[PDB]
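2 protein chains.
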Amino acid sequence: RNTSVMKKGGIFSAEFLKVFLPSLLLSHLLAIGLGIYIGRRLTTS
Amino acid sequence: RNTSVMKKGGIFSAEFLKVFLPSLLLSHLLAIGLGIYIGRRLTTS
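Taken in order, these protein sequences are the chains called A and B.
Going left to right, the first sequence walks through residues 146 to 190 as the authors' numbering numbers them.
Going left to right, the second sequence walks through residues 146 to 190 as the authors' numbering numbers them.
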């Protein structure tokens, strides 16, 4: 019956996703590292 | 000409850094949250 998995936009090509993967991983790792640091500032500040 | 005040982009994936640009920043906020969780996993969690 229901057959709806709504494909919208994001990254149109996986090849472009490859190109972006360094800057993607870097920015997310920055955010994770920052989160760990923020975790520390919530307890020891 | 480039010696002129231009509203210039010319990015790799024109679609990605429109349709997913807010969601990208949202997932960084998500990653910071995840960072806090792995931060507590390191200590008391």
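Just so you know, even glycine gets a beta-carbon here, dropped at the ideal spot from N, CA and C.
Can you tell me whether residue i is buried or exposed, with buried defined as 16 or more other CB within 10 angstroms of its CB?
i, result
"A176(A)", "buried"
"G154(A)", "exposed"
Straight-line CA distance for residue i to residue j?
i, j, result
"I156(A)", "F165(A)", "10 Å"
"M151(B)", "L187(A)", "44 Å"
"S168(A)", "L170(B)", "13 Å"
"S149(B)", "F161(A)", "30 Å"
"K163(A)", "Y182(B)", "28 Å"
"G178(B)", "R146(B)", "45 Å"
"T189(A)", "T189(B)", "14 Å"
My assumption, with CB atoms under 8 Å, is that residue i sits in contact with residue j. Please give the rounded CB distance.
i, j, result
"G184(A)", "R185(B)", "6 Å"
"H173(B)", "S172(A)", "7 Å"
Residues, ordered as in the chain, of the segment 163–182 of chain B that lie near chain A by beta-carbon distance below 9 Å: Only those residues of the segment 163–182 of chain B whose C-beta falls short of 9 Å from the nearest C-beta of chain A are listed: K163, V164, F165, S168, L169, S172, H173, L174, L175, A176, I177, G178, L179, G180, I181, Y182.
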